[PDB]
Each structure stands twice: as C-alpha cells, then as structure tokens.
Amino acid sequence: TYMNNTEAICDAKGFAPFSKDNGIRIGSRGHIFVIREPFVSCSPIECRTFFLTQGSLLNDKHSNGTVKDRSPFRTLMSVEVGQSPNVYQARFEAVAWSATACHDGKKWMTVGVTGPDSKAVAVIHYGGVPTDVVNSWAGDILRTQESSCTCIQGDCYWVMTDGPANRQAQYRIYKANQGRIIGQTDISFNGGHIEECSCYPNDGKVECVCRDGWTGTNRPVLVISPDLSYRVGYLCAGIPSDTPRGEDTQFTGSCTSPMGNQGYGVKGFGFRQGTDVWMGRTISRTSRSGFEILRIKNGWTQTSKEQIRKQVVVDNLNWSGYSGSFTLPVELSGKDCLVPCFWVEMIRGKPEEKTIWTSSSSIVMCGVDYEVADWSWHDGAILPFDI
C-alpha cells in the first residue's frame, strides 16, 4: 500500500553515520562503476543508493574522460545503501546523466534524462519500466534533482531545470501518481536561479533547498503544496551555504533575494527545524573540500546568523562535494516523525587531482536526537590508481 509521508520532520540535535561505501578504495581492485551524482532514497523495506555510472569501471581505460558530465553511456543505477556501486550488485534503473528517484510505498519511480543537450528527454520509470516521458522544453540541458524526489500519499513530485548554467533559466515542478505525470508548474523566479534540489517531505508539503548557479552564494528554497501552489525564495540565513561563497562576516542573509558575487555553485541541502534550519556545506569556501552542517537559530524564517550546533563529517583536508537530503520512512525508523538524513559525495581525481579519471564515494548521515562529535569519514583512495 501507499506511503503517507505527511508527518513533520523530527527535530534532531545531531546526525549519526548510517553507512559508508568505500567505493573508490574498493575499486582499486574491485569491479566498481565509475560514477558521480550519487544520492539516497528509501522505501518501507530498505534505502538504496542511486548513482550515475559512466558505463565503465574504476582502474580501467574506459574511466578516462569521466569528467565531462554527459555522454550516451551514462546510465542511472542503484545498490543497497552502503554497498559500493559495483557491477555485480547493481540494479539497472534507467539511461541518464541526470536522475532522481523515490518510492511511494508500493514501487519505485525513476526519471532518467539523457540525449542531445538541445533536445534531451526524460524517461520516467515505475516498477521496472518507463511509463511516461517529458521532453526538453527549452532546448538546453533538461536536468533535474540528482537527488531523492518526493512522494506524499501516492503522489510523487520533483523539480526540473532547462537553461544556461549562469544567466536566468526556466524551472518547473512535477507531480505524478504511479509513474504517470499529472500536471506540473512553472516556477516564477526572475533574477533567481534553481538546480538539483535536495528536497524531502514535511508537514504534508514538499520542501527543497536547491542551488542557484547564476548569482547566489546562498541557496534558494521552495515549498511545494499538493495542488501545485508553491513558495520560492532563498534560505533566509545570514550565513552563506554554497561553493564558491563569500565569507560569513561579509554576508548578509536574505529570505527573498540571492546574494554574494559568485556565478557557480554545488548541490547542497538544508533541513527545516521549527523556524530553525540545519544547513550543510563544504568547509573550504572555494574548493570542494570537507563537509560541515549547521543549525542556525531561526534561520529558516529569519536572516539569522545565530549558530548553536556545528558538526563536521569531513574535515577540510579531505575531498568532499555534493550532498542531498531525504527521509527515513516511519515504517523503518519507527518514529512518529520523519527522521531526516542526508548523504555527502566525496569526489576524487579530476579536476582536483592528477588522474585520467573522476568519480566519488558517498557517506550517509542520519537524524537522531543526540549531539554527534565531529569526525572525518573521508574517501580513502590512494591516487593515482594503476591509472
């Protein structure tokens, strides 16, 4: 039967490590796909780790150009959480260089975008097969979440973006029951930009903390109602959470407009807590090093910069990167509330390191109502490989 996911998010004080896959380290000798954009989604029987292969394996000649971002070889697959993206445990999901996924209690729903950049198409899947499609509507990279979409009482919603990586673009929400689309919406956000949102269910509504790739060093936020009515803005916080980003002291929070002088970013996330918010980010303000998460007092509703809880999961001497959200189903956590969790992508090799390849590993952290000590659960691989 169907999953409700209508409870608010639980109020945690810290996150405990769920898993760690050791994708890369294990790949020096194992048969592991070369990937990127990994994320985590859960059903009422298990959580799985979805990723985007490069139709190749680590420590092999085919892992060469693996930095480009797109190719016809990129395919969306998955494996039980914590397990590495190896070839022998992989479940084929779909053909994509940009995906998202979520389960609604009964079956999984996947969306893999692939094809030419001026005419890419999104193949929606449900129950082991594609059921519906969405063609690029602005002829210019029809991307998406690169993270767990969201299902509430049977209806699963997600976000998509067609446009430049810089200047203004076009966004849209998507709502669908059992793999068949059922209406969507065009996000009005002139001057504001949005990409790869790390959503999650909360209070019977969908909340996302996306990524402005145009001008914002602060992230845009967006609450989606079931009838497609929505709200869009930016984490109010007085602290920046993008990368690259200006300093905490030189940044002024903003609930409606983007801020900071930076035209590039990185996927990221944030959880709503009362009017408070837990916001993740890479410690090193310029590169993709280390990963830290912060709970600014009142941050979701005020421009607050009042900190009172900080914990590192990746120190600044370790490659980090992407990081999305998702929740544990009540049919697993057992809580009376949606336990919030997130993952951290730990990229390696190019661009940052001298290697002919690029890939990443992931680490899964999870709510809990106990303050967790700072530590580093970094990749570990010894670069370069048998290159």
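Just so we're on the same page, rigid core means the largest C-alpha set that superposes within 1.5 Å between forms. Don't overthink the numbering: it's just position in the shown sequence, from 1.
When the core is superposed, where do the C-alphas shift more in 5 other deposited structures of this protein: in 67-75 or in 312-320?
-> Relative to the shown form, the greater RMS C-alpha distance in 5 other deposited structures of this protein belongs to 67-75.
Can you tell me which stretch has the higher mean Cα B-factor, 253-261 or 139-147?
-> The recorded data point to 253-261.
Which of the two stretches, 94-102 or 237-245, shows the higher mean Cα temperature factor in the record?
-> Mean CA B-factor is higher for 237-245.
Select one of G115, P164, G128, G112: the residue whose C-alpha shows the highest B-factor in the crystal structure entry.
-> The listed residue with the largest C-alpha B-factor is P164.
Per the coordinate record, which of the options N86, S284, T75, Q273 holds the highest CA temperature factor?
-> Going by the entry's C-alpha B-factors, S284 comes out highest.
Should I24 be placed in the lowest, middle or highest third of its chain by the C-alpha B factor in the entry?
-> As the PDB entry reports it, the C-alpha B-factor of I24 lands in the lowest third of its chain.
What third of its chain's C-alpha B-factors does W375 belong to: lowest, middle or highest?
-> For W375, the deposited C-alpha B-factor lands in the middle third.
Which third, lowest, middle or highest, does the CA B-factor of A16 fall in along this chain?
-> Bottom third by C-alpha B-factor.
What third of the chain, by the recorded C-alpha B-factor, contains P220?
-> As the PDB entry reports it, the C-alpha B-factor of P220 lands in the lowest third of its chain.
Pull the Cα B-factor of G349 out of the PDB entry and bin it into the chain's lowest, middle or highest third.
-> For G349, whose C-alpha B-factor we compare with every modelled residue in the chain, the answer is the highest third.
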